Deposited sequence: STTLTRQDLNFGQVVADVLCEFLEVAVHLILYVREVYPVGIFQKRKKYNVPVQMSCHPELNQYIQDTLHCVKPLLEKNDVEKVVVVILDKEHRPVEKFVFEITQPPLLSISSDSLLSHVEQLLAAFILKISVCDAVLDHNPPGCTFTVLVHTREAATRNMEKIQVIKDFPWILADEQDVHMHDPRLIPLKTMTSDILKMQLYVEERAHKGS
């Protein structure tokens, strides 16, 4: 079939690993420097954490091939399970020698680093989760994402998603015949 869904998941894995490093969701001791898209990134070497990120994106992949993803959101939650930050990846797919996709995806990875300079430091003890905004309403077909048997998905509710008048931090916008994608941050006032 077509493959831009394959490169988006590996990109999202790299982006999630980097966000956990830049926003300091996990200690530096579990991160190691790797190269992806010819840029240095900090990848997690924690096995259980890696299996969670991979199991999450292994279910997102079939939805990308079907063109059923508006947004993939990484949500940082404080110790009271309240969203303090949201990294929103708005995704649009318009109708193989394509390192152009990688050089375009590499620019999104390069932008994530600036979050250390423009965002205020998160409270200690934060956790994270991933929100997937399907194009077709998720309530219509809940089984489409249940591709891994021991990794079930549920509908989020407003406590996991809602932030009261959050500050919007635009990071990067890209439009192309290949890929259209925006990355921005919804930050709590605090």
Practice task
Identify which parts of the deposited sequence carry no C-alpha coordinates, going from the N-terminal end onward.
Solution key: 1 to 11, 107 to 113, 209 to 211
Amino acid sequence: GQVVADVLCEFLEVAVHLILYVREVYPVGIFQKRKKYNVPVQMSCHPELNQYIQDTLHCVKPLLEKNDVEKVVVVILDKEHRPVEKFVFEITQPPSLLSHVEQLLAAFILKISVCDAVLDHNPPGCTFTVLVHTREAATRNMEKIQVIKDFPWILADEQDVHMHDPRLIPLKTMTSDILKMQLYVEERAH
From here on, numbers count along this sequence of modelled residues.
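Rigid core here is just the name for the largest C-alpha set that superposes within 1.5 Å across the two forms.
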Exercise for the section: Name the stretch that deviates more in 7 other deposited structures of this protein: 73 to 81, or 99 to 107? Use RMS CA distance to the shown form, core superposed. Expected result: 99 to 107
Problem - in 7 other deposited structures of this protein, rigid core aligned: more displaced of 117 to 125 and 39 to 47 by C-alpha RMS - result: 117 to 125
Handout entry: Stretch with the higher entry mean CA B-factor, where the candidates are 143 to 151 and 26 to 34
Key = 143 to 151
Handout entry: Selected stretch [higher average CA B-factor]: 79 to 87 or 109 to 117
Key = 79 to 87
Problem - Highest recorded Cα temperature factor - choice among 165, 136, 55, 70 - result: 165
Completion exercise
Listed options 63, 41, 130, 156: highest C-alpha B factor recorded at 156
Handout entry: Entry-reported Cα temperature factor of residue 14, expressed as the chain third it lands in
Key = lowest
Exercise for the section: Would you mind checking where the Cα B-factor of residue 174 ranks among the modelled residues of its chain, as the lowest, middle or highest third? Expected result: highest
Problem - CA B-factor ranking of residue 186, expressed as a third of its chain - result: lowest
Handout entry: Third assignment of residue 49 from its chain's C-alpha B-factors
Key = lowest
